[PDB]
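Trainee: Got a structure for you, target-v6.cif, holding mmCIF, C-alpha atoms and all ligand atoms.
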```cif
data_query
loop_
_atom_site.label_atom_id
_atom_site.label_comp_id
_atom_site.auth_asym_id
_atom_site.auth_seq_id
_atom_site.Cartn_x
_atom_site.Cartn_y
_atom_site.Cartn_z
CA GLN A 1 69.98 64.53 93.64
CA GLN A 2 73.56 64.73 92.29
CA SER A 3 74.37 67.08 89.41
CA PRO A 4 76.80 66.62 86.51
CA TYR A 5 79.31 68.72 88.43
CA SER A 6 79.08 66.54 91.52
CA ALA A 7 79.12 63.34 89.46
CA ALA A 8 82.24 64.48 87.60
CA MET A 9 84.05 65.26 90.83
CA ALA A 10 82.97 61.98 92.43
CA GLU A 11 84.24 59.99 89.45
CA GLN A 12 87.55 61.86 89.56
CA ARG A 13 87.92 61.04 93.25
CA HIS A 14 87.06 57.41 92.52
CA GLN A 15 89.75 57.22 89.86
CA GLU A 16 92.27 58.79 92.23
CA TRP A 17 91.42 56.15 94.81
CA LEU A 18 91.85 53.34 92.31
CA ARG A 19 95.22 54.81 91.32
CA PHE A 20 96.38 54.59 94.94
CA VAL A 21 95.07 51.04 95.20
CA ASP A 22 96.94 50.05 92.04
CA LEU A 23 100.14 51.81 93.14
CA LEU A 24 100.08 49.85 96.40
CA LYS A 25 99.27 46.60 94.57
CA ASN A 26 102.42 47.07 92.52
CA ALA A 27 104.46 48.07 95.55
CA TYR A 28 103.58 44.75 97.18
CA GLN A 29 104.81 42.98 94.00
CA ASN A 30 108.13 44.77 94.25
CA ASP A 31 108.61 44.61 98.05
CA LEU A 32 108.22 48.40 98.35
CA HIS A 33 104.92 48.34 100.24
CA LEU A 34 106.46 49.06 103.64
CA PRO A 35 108.22 52.30 102.63
CA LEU A 36 105.29 53.31 100.46
CA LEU A 37 102.89 52.93 103.38
CA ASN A 38 105.24 54.95 105.61
CA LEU A 39 105.18 57.74 103.01
CA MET A 40 101.44 57.74 102.39
CA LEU A 41 100.11 57.17 105.93
CA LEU A 42 100.89 59.05 109.12
CA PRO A 43 101.96 57.02 112.19
CA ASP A 44 98.59 57.45 113.92
CA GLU A 45 96.80 56.31 110.77
CA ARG A 46 98.93 53.17 110.62
CA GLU A 47 98.15 52.54 114.29
CA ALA A 48 94.44 52.93 113.59
CA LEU A 49 94.62 50.34 110.81
CA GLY A 50 96.37 47.85 113.10
CA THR A 51 93.78 48.39 115.80
CA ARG A 52 90.86 48.13 113.37
CA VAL A 53 92.05 44.68 112.31
CA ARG A 54 91.92 43.62 115.96
CA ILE A 55 88.44 45.12 116.36
CA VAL A 56 87.21 43.23 113.30
CA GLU A 57 88.83 40.01 114.50
CA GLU A 58 87.29 40.31 117.93
CA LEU A 59 83.85 41.25 116.60
CA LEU A 60 83.88 38.18 114.36
CA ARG A 61 85.14 35.94 117.16
CA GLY A 62 82.35 37.12 119.46
CA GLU A 63 84.12 36.29 122.74
CA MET A 64 85.32 39.71 123.98
CA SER A 65 82.71 41.78 125.79
CA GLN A 66 82.01 45.44 125.02
CA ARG A 67 83.97 46.50 128.11
CA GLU A 68 86.94 44.37 127.03
CA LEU A 69 86.82 45.85 123.53
CA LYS A 70 86.96 49.31 125.07
CA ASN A 71 89.74 48.59 127.58
CA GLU A 72 91.93 46.44 125.34
CA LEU A 73 91.36 48.04 121.91
CA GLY A 74 90.12 51.52 122.78
CA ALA A 75 86.89 50.84 120.89
CA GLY A 76 83.92 52.52 122.52
CA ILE A 77 80.32 51.63 121.87
CA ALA A 78 79.88 53.88 118.85
CA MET A 79 83.02 52.55 117.19
CA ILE A 80 81.81 48.97 117.78
CA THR A 81 78.46 49.89 116.27
CA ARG A 82 80.10 51.41 113.20
CA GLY A 83 82.52 48.51 112.79
CA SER A 84 79.71 45.99 113.14
CA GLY A 85 77.80 47.83 110.44
CA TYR A 86 80.81 47.78 108.11
CA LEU A 87 81.06 44.04 108.59
CA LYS A 88 77.36 43.52 107.93
CA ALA A 89 77.66 45.60 104.72
CA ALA A 90 80.78 43.81 103.46
CA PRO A 91 80.42 41.33 100.61
CA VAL A 92 80.05 37.73 101.61
CA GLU A 93 83.39 36.73 100.06
CA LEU A 94 85.21 39.21 102.30
CA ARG A 95 83.44 38.12 105.48
CA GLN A 96 84.10 34.44 104.76
CA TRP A 97 87.78 35.09 104.07
CA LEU A 98 88.21 37.23 107.19
CA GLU A 99 86.71 34.45 109.29
CA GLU A 100 89.15 31.95 107.71
CA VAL A 101 92.25 34.10 108.12
CA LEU A 102 91.67 36.03 111.37
CA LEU A 103 90.16 33.12 113.39
CA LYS A 104 92.40 30.29 112.12
CA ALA B 1 117.21 49.76 125.15
CA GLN B 2 115.95 52.72 123.16
CA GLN B 3 112.74 53.05 125.16
CA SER B 4 111.59 52.35 128.67
CA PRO B 5 109.65 49.09 129.07
CA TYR B 6 106.15 50.64 129.09
CA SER B 7 106.80 52.50 125.83
CA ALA B 8 108.71 49.60 124.33
CA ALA B 9 105.98 47.09 125.09
CA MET B 10 103.30 49.27 123.57
CA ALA B 11 105.44 50.02 120.52
CA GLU B 12 106.08 46.32 119.89
CA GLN B 13 102.38 45.54 120.18
CA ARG B 14 101.58 48.27 117.68
CA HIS B 15 104.32 46.94 115.37
CA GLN B 16 102.88 43.42 115.45
CA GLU B 17 99.41 44.81 114.80
CA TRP B 18 100.68 46.83 111.85
CA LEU B 19 102.40 43.84 110.32
CA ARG B 20 99.20 41.82 110.70
CA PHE B 21 97.38 44.51 108.69
CA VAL B 22 100.12 44.60 106.08
CA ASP B 23 99.94 40.81 105.65
CA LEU B 24 96.14 40.80 105.57
CA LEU B 25 96.12 43.37 102.77
CA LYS B 26 98.92 41.56 100.91
CA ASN B 27 96.77 38.45 100.79
CA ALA B 28 93.61 40.39 99.99
CA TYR B 29 95.28 41.69 96.85
CA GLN B 30 96.15 38.13 95.84
CA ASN B 31 92.53 37.05 96.38
CA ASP B 32 91.00 40.09 94.63
CA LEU B 33 89.50 41.17 97.97
CA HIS B 34 91.54 44.35 98.36
CA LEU B 35 88.72 46.74 97.42
CA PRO B 36 86.20 45.46 99.96
CA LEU B 37 88.91 45.11 102.60
CA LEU B 38 89.98 48.70 102.14
CA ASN B 39 86.36 49.86 102.23
CA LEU B 40 85.99 48.05 105.57
CA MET B 41 89.23 49.29 107.07
CA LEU B 42 89.26 52.93 105.88
CA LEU B 43 86.61 55.60 106.13
CA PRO B 44 85.57 57.42 102.95
CA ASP B 45 87.45 60.59 103.88
CA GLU B 46 90.57 58.54 104.63
CA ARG B 47 90.36 56.88 101.21
CA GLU B 48 89.98 60.30 99.60
CA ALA B 49 93.03 61.57 101.48
CA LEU B 50 95.11 58.69 100.14
CA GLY B 51 93.99 59.42 96.58
CA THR B 52 94.91 63.06 97.00
CA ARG B 53 98.26 62.29 98.66
CA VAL B 54 99.25 60.23 95.60
CA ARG B 55 98.55 63.27 93.43
CA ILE B 56 100.53 65.53 95.76
CA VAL B 57 103.49 63.14 95.68
CA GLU B 58 103.23 62.91 91.88
CA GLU B 59 103.09 66.65 91.44
CA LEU B 60 105.95 67.30 93.84
CA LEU B 61 108.13 64.83 91.90
CA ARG B 62 107.03 66.25 88.53
CA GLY B 63 107.97 69.79 89.54
CA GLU B 64 105.54 71.62 87.23
CA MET B 65 102.55 72.50 89.41
CA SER B 66 102.93 75.75 91.36
CA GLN B 67 102.42 76.30 95.07
CA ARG B 68 99.10 78.06 94.38
CA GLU B 69 97.92 75.20 92.18
CA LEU B 70 98.89 72.64 94.79
CA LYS B 71 96.63 74.47 97.24
CA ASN B 72 93.72 75.15 94.88
CA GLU B 73 93.70 71.79 93.08
CA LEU B 74 94.91 69.44 95.83
CA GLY B 75 94.22 71.25 99.10
CA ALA B 76 97.92 71.33 100.00
CA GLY B 77 99.04 74.53 101.66
CA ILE B 78 102.59 75.52 102.50
CA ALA B 79 102.86 73.38 105.64
CA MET B 80 101.47 70.28 103.92
CA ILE B 81 103.86 70.70 100.97
CA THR B 82 106.73 71.03 103.42
CA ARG B 83 105.68 67.87 105.26
CA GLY B 84 105.21 65.89 102.05
CA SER B 85 108.52 67.04 100.65
CA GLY B 86 110.12 65.95 103.92
CA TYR B 87 108.54 62.50 103.67
CA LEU B 88 109.91 62.14 100.14
CA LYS B 89 113.37 63.24 101.24
CA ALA B 90 113.28 60.70 104.11
CA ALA B 91 112.11 57.81 101.93
CA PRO B 92 114.66 55.37 100.51
CA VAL B 93 115.92 56.58 97.16
CA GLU B 94 114.82 53.26 95.72
CA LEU B 95 111.22 54.11 96.54
CA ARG B 96 111.54 57.63 95.14
CA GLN B 97 113.01 56.35 91.89
CA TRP B 98 110.29 53.69 91.60
CA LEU B 99 107.61 56.32 92.20
CA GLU B 100 109.08 58.42 89.41
CA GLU B 101 108.92 55.47 87.01
CA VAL B 102 105.35 54.51 87.98
CA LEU B 103 103.71 57.91 88.55
CA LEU B 104 105.53 59.94 85.87
CA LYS B 105 105.66 57.09 83.33
CA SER B 106 104.09 59.41 80.75
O1 LIG C 201 101.19 65.32 106.28
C1 LIG C 201 99.97 65.09 106.14
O2 LIG C 201 99.11 65.95 106.48
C2 LIG C 201 99.49 63.78 105.62
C3 LIG C 201 100.35 63.16 104.54
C4 LIG C 201 100.84 61.87 104.71
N1 LIG C 201 101.56 61.54 103.60
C5 LIG C 201 101.53 62.58 102.74
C6 LIG C 201 102.09 62.71 101.47
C7 LIG C 201 101.89 63.89 100.78
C8 LIG C 201 101.15 64.90 101.33
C9 LIG C 201 100.57 64.78 102.60
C10 LIG C 201 100.77 63.58 103.30
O1 LIG C 202 84.49 54.00 112.32
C1 LIG C 202 85.59 54.46 112.58
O2 LIG C 202 85.71 55.39 113.41
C2 LIG C 202 86.84 54.00 111.90
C3 LIG C 202 86.80 52.57 111.34
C4 LIG C 202 86.95 52.31 109.99
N1 LIG C 202 86.93 50.95 109.81
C5 LIG C 202 86.74 50.36 111.02
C6 LIG C 202 86.65 49.01 111.36
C7 LIG C 202 86.46 48.67 112.68
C8 LIG C 202 86.38 49.65 113.65
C9 LIG C 202 86.47 50.99 113.32
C10 LIG C 202 86.67 51.35 111.98
#
```
Once more with this new file: its structure as structure tokens, please.
Ligand SMILES: O=C(O)Cc1c[nH]c2ccccc12
Ligand SMILES: O=C(O)Cc1c[nH]c2ccccc12
Mentor:
Amino acid sequence: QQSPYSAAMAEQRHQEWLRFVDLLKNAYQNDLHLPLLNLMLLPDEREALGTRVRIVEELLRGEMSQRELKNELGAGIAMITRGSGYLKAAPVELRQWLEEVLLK
Amino acid sequence: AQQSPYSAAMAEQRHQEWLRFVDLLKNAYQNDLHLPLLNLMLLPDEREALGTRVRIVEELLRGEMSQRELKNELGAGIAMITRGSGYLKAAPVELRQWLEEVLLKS
């Protein structure tokens, strides 16, 4: 069970995360998101984000086989399992929107 | 061409994929879906790293925190500070100046 120490540190990390999220929100409103994201994310991390969008899209579409996900997107079985679990755990508003925007 | 066709084709596919992510997140913010989208797209440790990198950038721009404090408070050793400082130097000055206004506002 978490202690006051661990709870304090977790809340501090949460606030730091929200500060990043808000900084990026504002960057988008001032057309500075692209250079901000180049500063805050390494190239391989940006590549991972682009690929993960594809994985999510293709999991929702349901047409690509597991072998095709691996060959085309580099997503092996464990990554598909994790990604599927993230989708299942996402709030309904996010899943509905992703279906609307990624499969349109 | 700057790159051979194999490398160029893969780079342009990655670029298109990146822009798709950027646009998706742009719209998520507008729809108040940014938090769940980022929880889907980033692992917990990756989210923590982004929170910490904001603090490193802030403290590098502020100039007050020492090298030892950067390591002991923010996990940033000498090499990481050098890398981060290099990213700031490479960024457009417009971004740097905006970061100073936002992050050092107080
Ligand atoms: O260089 C790294 O290890 C990751 C990284 C990406 N953007 C940064 C900004 C400040 C400090 C570290 C990083
Ligand atoms: O599970 C991972 O290794 C990384 C990851 C985070 N969000 C994802 C969405 C889809 C596929 C993989 C990931």
Trainee: I need the residue nearest chain A from this list: B:37, B:104, B:61, B:70. Use only C-alpha atoms for the distance.
Mentor: B:37
Trainee: Got a sec to check which residues lie within 6 Å of ligand LIG 202 (chain C), using all atoms listed in the file, and send them as a list in words?
Mentor: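 Those within range of ligand LIG 202 (chain C) are residues 52, 55, 56, 79, 82 and 83 of chain A; 40, 41, 42 and 43 of chain B.
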Trainee: Tell me, in Å to one decimal, how far CA of residue 23 in chain A is from CA of residue 39 in chain B.
Mentor: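 It comes out at 16.6 Å.
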Trainee: I need the contact residues of chain A against chain B, so if you could list those with any atom within 7 Å, counting all atoms listed in the file, and return them as a list in words, that would help.
Mentor: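 That gives residues 13, 16, 17, 20, 25, 28, 32, 35, 39, 40, 46, 47, 49, 50, 51, 52, 53, 86, 90 and 94 of chain A for chain A.
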Trainee: Restricting the calculation to only C-alpha atoms and all ligand atoms: of B:68, B:56, B:77, B:105, which residue gets closest to ligand LIG 201 (chain C)?
Mentor: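 Among the listed residues, B:56 lies closest to ligand LIG 201 (chain C).
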Trainee: Using the atoms already present, construct N, CA, C and O atoms for range 88-104 of chain B and hand them back as a PDB file, keeping the file's coordinate frame.
Mentor:
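Just written: out-v2.pdb:
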```
ATOM      1  N   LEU B  88     109.200  62.620 101.329  1.00  0.00           N
ATOM      2  CA  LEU B  88     109.910  62.140 100.140  1.00  0.00           C
ATOM      3  C   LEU B  88     111.403  62.141 100.350  1.00  0.00           C
ATOM      4  O   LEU B  88     112.084  61.218  99.906  1.00  0.00           O
ATOM      5  N   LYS B  89     111.933  63.171 100.994  1.00  0.00           N
ATOM      6  CA  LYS B  89     113.370  63.240 101.240  1.00  0.00           C
ATOM      7  C   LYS B  89     113.820  62.123 102.167  1.00  0.00           C
ATOM      8  O   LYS B  89     114.924  61.585 102.010  1.00  0.00           O
ATOM      9  N   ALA B  90     112.970  61.749 103.134  1.00  0.00           N
ATOM     10  CA  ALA B  90     113.280  60.700 104.110  1.00  0.00           C
ATOM     11  C   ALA B  90     113.120  59.298 103.550  1.00  0.00           C
ATOM     12  O   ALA B  90     113.681  58.360 104.120  1.00  0.00           O
ATOM     13  N   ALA B  91     112.342  59.123 102.496  1.00  0.00           N
ATOM     14  CA  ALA B  91     112.110  57.810 101.930  1.00  0.00           C
ATOM     15  C   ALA B  91     113.404  57.248 101.339  1.00  0.00           C
ATOM     16  O   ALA B  91     114.275  58.006 100.891  1.00  0.00           O
ATOM     17  N   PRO B  92     113.522  55.924 101.239  1.00  0.00           N
ATOM     18  CA  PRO B  92     114.660  55.370 100.510  1.00  0.00           C
ATOM     19  C   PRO B  92     114.643  55.855  99.073  1.00  0.00           C
ATOM     20  O   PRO B  92     113.586  55.984  98.443  1.00  0.00           O
ATOM     21  N   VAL B  93     115.834  56.123  98.542  1.00  0.00           N
ATOM     22  CA  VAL B  93     115.920  56.580  97.160  1.00  0.00           C
ATOM     23  C   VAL B  93     115.306  55.558  96.229  1.00  0.00           C
ATOM     24  O   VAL B  93     114.689  55.919  95.218  1.00  0.00           O
ATOM     25  N   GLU B  94     115.417  54.278  96.567  1.00  0.00           N
ATOM     26  CA  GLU B  94     114.820  53.260  95.720  1.00  0.00           C
ATOM     27  C   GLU B  94     113.320  53.467  95.574  1.00  0.00           C
ATOM     28  O   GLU B  94     112.767  53.262  94.486  1.00  0.00           O
ATOM     29  N   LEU B  95     112.639  53.855  96.661  1.00  0.00           N
ATOM     30  CA  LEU B  95     111.220  54.110  96.540  1.00  0.00           C
ATOM     31  C   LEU B  95     110.973  55.345  95.687  1.00  0.00           C
ATOM     32  O   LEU B  95     110.090  55.353  94.831  1.00  0.00           O
ATOM     33  N   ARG B  96     111.719  56.422  95.934  1.00  0.00           N
ATOM     34  CA  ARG B  96     111.540  57.630  95.140  1.00  0.00           C
ATOM     35  C   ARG B  96     111.695  57.336  93.659  1.00  0.00           C
ATOM     36  O   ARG B  96     110.846  57.716  92.843  1.00  0.00           O
ATOM     37  N   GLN B  97     112.763  56.637  93.298  1.00  0.00           N
ATOM     38  CA  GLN B  97     113.010  56.350  91.890  1.00  0.00           C
ATOM     39  C   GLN B  97     111.897  55.484  91.294  1.00  0.00           C
ATOM     40  O   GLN B  97     111.498  55.678  90.139  1.00  0.00           O
ATOM     41  N   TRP B  98     111.401  54.515  92.055  1.00  0.00           N
ATOM     42  CA  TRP B  98     110.290  53.690  91.600  1.00  0.00           C
ATOM     43  C   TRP B  98     109.041  54.531  91.406  1.00  0.00           C
ATOM     44  O   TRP B  98     108.359  54.396  90.403  1.00  0.00           O
ATOM     45  N   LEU B  99     108.757  55.431  92.346  1.00  0.00           N
ATOM     46  CA  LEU B  99     107.610  56.320  92.200  1.00  0.00           C
ATOM     47  C   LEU B  99     107.729  57.159  90.944  1.00  0.00           C
ATOM     48  O   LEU B  99     106.734  57.388  90.249  1.00  0.00           O
ATOM     49  N   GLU B 100     108.920  57.656  90.645  1.00  0.00           N
ATOM     50  CA  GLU B 100     109.080  58.420  89.410  1.00  0.00           C
ATOM     51  C   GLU B 100     108.746  57.565  88.195  1.00  0.00           C
ATOM     52  O   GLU B 100     108.045  58.015  87.284  1.00  0.00           O
ATOM     53  N   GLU B 101     109.213  56.319  88.164  1.00  0.00           N
ATOM     54  CA  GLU B 101     108.920  55.470  87.010  1.00  0.00           C
ATOM     55  C   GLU B 101     107.426  55.188  86.896  1.00  0.00           C
ATOM     56  O   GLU B 101     106.872  55.193  85.792  1.00  0.00           O
ATOM     57  N   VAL B 102     106.770  54.866  88.015  1.00  0.00           N
ATOM     58  CA  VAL B 102     105.350  54.510  87.980  1.00  0.00           C
ATOM     59  C   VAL B 102     104.489  55.745  87.726  1.00  0.00           C
ATOM     60  O   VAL B 102     103.660  55.775  86.807  1.00  0.00           O
ATOM     61  N   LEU B 103     104.640  56.767  88.570  1.00  0.00           N
ATOM     62  CA  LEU B 103     103.710  57.910  88.550  1.00  0.00           C
ATOM     63  C   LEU B 103     103.963  58.886  87.412  1.00  0.00           C
ATOM     64  O   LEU B 103     103.021  59.565  86.986  1.00  0.00           O
ATOM     65  N   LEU B 104     105.195  59.013  86.938  1.00  0.00           N
ATOM     66  CA  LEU B 104     105.530  59.940  85.870  1.00  0.00           C
ATOM     67  C   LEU B 104     105.795  59.213  84.564  1.00  0.00           C
ATOM     68  O   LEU B 104     106.340  59.811  83.629  1.00  0.00           O
TER      69      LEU B 104
END
```
